[PDB]
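Descriptive analysis of the structure
Here's the letter readout for the chains.
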Amino acid sequence: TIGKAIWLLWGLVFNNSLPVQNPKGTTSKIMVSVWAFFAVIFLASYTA
Amino acid sequence: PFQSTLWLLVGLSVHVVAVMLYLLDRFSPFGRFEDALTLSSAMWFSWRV
């Protein structure tokens, strides 16, 4: 779960890129959503 | 604002990563048919990312 987790987070930081997959727990989906929000915020602050 | 050699270097990096994905794993020498498998898949991964 670490090897796929770091690649999933790396996929979320660089704008989707690869969807890979997604687990079943809702807490992981919420944390993935927050990480995607902070990812697009970091991308907006990076481009700006 | 930038010359075509910059985009030519961008594509050159696509070739370097494309052949690198084929070098990082063992497969077989293939200049026999027209369409390959790991080469087309690696190119779809390069154009995918």
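Residues numbered from 1 in each chain as written, not as in the entry; some residues may be left out. Chains lettered and ligands numbered in written order. Part of a larger assembly, values for the part shown. Heavy atoms only, no water. Residues with missing side-chain atoms left out of burial classes, pairs and counts.

The deposited coordinates for this entry were obtained by cryo-EM, with a reported resolution of 7.50 Å.

The name the PDB entry assigns to chain B is N-methyl-D-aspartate receptor subunit NR1-8a, from the organism Xenopus laevis.

If you check the PDB entry, chain A appears there as Ionotropic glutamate receptor subunit NR2B from Xenopus laevis.

1. Topic: unusual backbone geometry
Residue and element names in this part refer to chain A. The cut-off we apply is this: Numbering of helices and strands starts at the N terminus; helices are DSSP runs of H or I of at least 4 residues and strands are runs of E of at least 2.
Its identity is not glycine, yet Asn15 carries a phi of approximately 60°, on the positive side. Tracing the backbone through its elements, the reader meets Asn15 in the loop between α1 (2–13) and α2 (26–47). Backbone geometry at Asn16 places phi at a positive 60°, although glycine is not the residue there. Inspection of the secondary structure assignment puts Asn16 in the loop between α1 and α2.

2. Things to note about the environment of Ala39 of chain A
Residues and elements named next belong to chain A. In plain terms, the rule: Contact definition: two residues touch when any of their heavy atoms are within 4.5 Å.
Here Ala39 shows up in helix α2. Considered as a pair, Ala39 and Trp10 are 29 residues apart in the sequence and their alpha carbons are 9.6 Å apart. Apart from residues no more than four positions distant in its own chain, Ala39 is found in contact with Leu12 and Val13.

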